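As structure tokens, one chain now follows by itself in the form deposited in one PDB entry.
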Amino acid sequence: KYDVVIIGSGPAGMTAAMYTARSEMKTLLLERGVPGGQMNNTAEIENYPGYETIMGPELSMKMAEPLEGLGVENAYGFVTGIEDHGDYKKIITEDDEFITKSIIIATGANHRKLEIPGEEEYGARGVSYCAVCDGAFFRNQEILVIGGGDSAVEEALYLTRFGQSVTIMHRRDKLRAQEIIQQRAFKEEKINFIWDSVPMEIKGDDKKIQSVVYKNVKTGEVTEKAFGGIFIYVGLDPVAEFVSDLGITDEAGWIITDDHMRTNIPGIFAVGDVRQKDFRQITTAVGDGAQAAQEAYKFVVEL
């Protein structure tokens, strides 16, 4: 009944829906939240070709805007499962079922957790995974960022608008972030580093975070230091629970595809961050999405 259903309206899914709709495929785009995906949790995007800089939420709106006019059916849905029935597939959300000839899974990735004490307890009260979301709640605080990657370092740099200081704690003595971002963090006077360290415990009073205990990974030296906020950026897990059973994931839960965005199951494609891959960016999400769309068209024509 749908030619294609796209699950997730981040940049991969929005690109795919734009393309399927231009191919006049009957297109359903399901999203649990706000179109834009991780882009909405991104303050400034510098490396999307075609924009010198642009706020994540503005790029989200620009990507969402033509979709209605092209005849994409945009709908709310949290997807809980998918059944392969041979010549059709069924998609299960909280309340609805949808039948379709093909599926493009574009549901992205989610913050990994430290799984340390205080991490859950300080939940609403000092622990965050989203700096553009929570940054202004930490005006004048000493903020701690955990991680060494693009997200830790960029979001640290963002957070310097708010904090007295921002400290990045990384578990080695060299960051993984893009060098241009490293160099910016090195030069920024409000950014400090705790190298070769991992956090062990997050501590506070009944109401909020007050300190972190951490360990040096080369010496075992243990230190406890006062901080008012902790932002955690230690990498990503796939958001693919609704396909656990289907035999299309690796051990860690990422969706495996070939270079044409095809899974095992014909008519089920995956794009963007949910895929088993190493390079997670808006550019490659958009690329994945275009590719899936064209492959889905081929698949449905040949059905």
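Residue numbers here begin at 1 and follow the sequence given.
A second form of this protein, the form deposited in another entry, is not displayed here; the remarks below concern that form.
Novice: With the chain divided into two rigid parts according to how it moves between the shown form and the other one, are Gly235 and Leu114 grouped in the same part or not?
Specialist: Considering the two-part motion between the shown form and the other one, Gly235 moves together with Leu114, as both sit in one rigid block.
Novice: Work out whether the Cα atoms of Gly147 and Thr42 come closer together or move farther apart in the other form than they are in this form, the change being 3 angstroms or more.
Specialist: Distance between the C-alphas of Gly147 and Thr42: longer in the other form, by 3 Å or more.
Novice: Pin down for me whether the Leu175-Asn40 Cα distance shrinks or grows in the other form relative to this form (closer or farther, change of 3 Å or more).
Specialist: Note: Cα gap between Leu175 and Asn40 widens in the other form.
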